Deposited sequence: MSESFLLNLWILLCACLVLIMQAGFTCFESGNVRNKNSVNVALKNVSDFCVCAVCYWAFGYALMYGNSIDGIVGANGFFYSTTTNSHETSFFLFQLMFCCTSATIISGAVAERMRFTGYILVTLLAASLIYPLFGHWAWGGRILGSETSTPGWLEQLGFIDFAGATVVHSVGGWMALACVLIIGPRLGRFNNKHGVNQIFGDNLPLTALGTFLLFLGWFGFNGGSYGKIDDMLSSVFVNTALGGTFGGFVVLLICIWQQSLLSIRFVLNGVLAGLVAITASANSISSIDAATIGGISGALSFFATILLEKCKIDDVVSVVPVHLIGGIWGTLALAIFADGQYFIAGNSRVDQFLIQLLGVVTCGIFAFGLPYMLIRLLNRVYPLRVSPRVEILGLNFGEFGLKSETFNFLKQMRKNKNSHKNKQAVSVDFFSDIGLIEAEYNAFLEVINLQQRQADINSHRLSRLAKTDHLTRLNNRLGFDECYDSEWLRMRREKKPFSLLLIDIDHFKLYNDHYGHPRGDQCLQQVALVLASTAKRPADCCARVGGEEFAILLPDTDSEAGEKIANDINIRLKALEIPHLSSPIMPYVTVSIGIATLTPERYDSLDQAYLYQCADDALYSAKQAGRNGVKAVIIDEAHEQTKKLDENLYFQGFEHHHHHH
């Protein structure tokens, strides 16, 4: 029947988001030095396990409640939906993983991941996605969803939340040793396994297909448009950054091109079900250019992001959320809302996400760092995070 086919589609899409977890692991492990890559991989597995435990235990009840230790219910599609949203929560915290590499303590990162899976992501996902339970009859939406905020697959719910928490963490722990100098400016710390980073980017593209396809929530002939918009956004982001770099040398332009692919994917994540192919290409290309410029701006601002989580997930998420109101069809809006009123509503969603997913983690992680330091000692950072803290 229709319900069985929809259930298998959501299960295969959750499998694709597990592929996206593997791609995040490869992307982050290949972009760091060989003395820190094993710690990065251990972080990338540990946050996934901790977030799955936290979302099964209380995260699903916080995000979609009126749930705790989720068992079988009367709703047929709710188990597949729960698995998909658990994969989404793991995606948010493994976004947080990549920015804090090579200088953050493992237990402090585990505490940050617990904060992300316990309080920040379920509350904002309840605000933006409260009434989006798959197959449920009577679901009360969140206040942001009631006001008219639209996020198809989570450019704000998943990517911007992780970007804001990652920005707060890298502002609190500070930059790596030997990265920024007062005399010589900015030094580049290249990774040691950049082909693994390219493989991780391809796996992230593959997982992004499942992200958008399972966030579609139904099965008809227009899901192929969502897949085509996904492919065009990612490839046009990569193509635009490739055109910008063009004659720049390898081992530095590859990071920009892969970040452009990922940022184009982050931008089409907001509106993959409501835009055309030309709109998806335009949004992805502008997102890739914005990721390039935001990486340069973060380098000049002395903010150390190792894999450029903020130019990809945060800047791309804000651009995709704002470009939904510029490019999507008016039939997907609330009736009576024009193109500027929807821009005000999506800007309100961006500002609310910024306040809740940055300011509250900034105070909480600052208070945690005041009594429990999250930056390793300098001998650990020189020796490497593979060898203990």
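In sequence order, the gaps in C-alpha coverage of the deposited chain fall at 1, 68-76, 400-661.
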